[PDB]
């Protein structure tokens, strides 16, 4: 009923170019004219594309095949750890991100992703160490502050908001996601946030991507207030955008999976 009043995108669809590329990849992979390094590479690329299309099992199959050809692929263990997190296997996810960082200690995203895994794994203090490390590599990225806030808020919400406020204040305030931060701080209404979101989006994909991020963070906000019905609706609304490779899409599905259990 209320759903007709929401800010909504057309759920994202595969593009023709993406489909053309997958068709060509099938043909090249089928041919006998690739060296192992060229194969491992192409399998990784196809895996990234399939993940981006929401086909995470086909992505996993490709990543794993590439890894068996070329073991030195932090990029693959990264995806594998994300998928373990999405599956609720946090212990194994930690071991995957540990492998990422042993192969390549500069592969940053493993801190983000291991942090998220630790968060969902109930290890808030350790999550903060990884998410702080990630934040430090780019303090202007509002999503890094949002994740650090999430990891501090169960323990000390008051302090979490003080920290988030400090992060917002230090930042250049340029990237759109700081709006989500201002909503979390109580500076703006949800109406103001949604207005700002529609105003910023200029086509369907930018709209879908804002709604995927924003509805996930609104979902977590309501969830942490104990409003399960709003949280649920908001996670569903996030996923409806079909931004398959966003962290917020992944963990919106995860949060829905957790609400479905209880």
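Positions refer to the first chain, counted from 1.
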Exercise for review: Could you check the entry and say whether 32-40 or 220-228 has the higher mean CA B-factor?
Suggested key: 32-40
Review point. Looking at the entry, does 239-247 or 21-29 show the higher mean C-alpha B-factor?
Key: 21-29
Review point. Of the options 130, 95, 190, 141, which has the highest CA B factor as deposited?
Key: 95
Point to revise | Of the residues 52, 65, 205, 214, the one carrying the largest Cα B-factor as recorded | key: 65
Review point. Can you tell me which third, lowest, middle or highest, the CA B-factor of residue 121 falls into for its chain?
Key: middle
Study note, to complete from the structure: residue 8: CA B-factor among chain residues, third -> lowest
Revision key, fill the gap. Among the modelled residues of its chain, the C-alpha B-factor of residue 46 falls in the third labelled middle
Review point. Split the chain's modelled residues into thirds by Cα B-factor; is residue 177 in the lowest, middle or highest one?
Key: middle
Review point. Relative to the other modelled residues in the chain, which third contains the C-alpha temperature factor of residue 165: lowest, middle or highest?
Key: middle
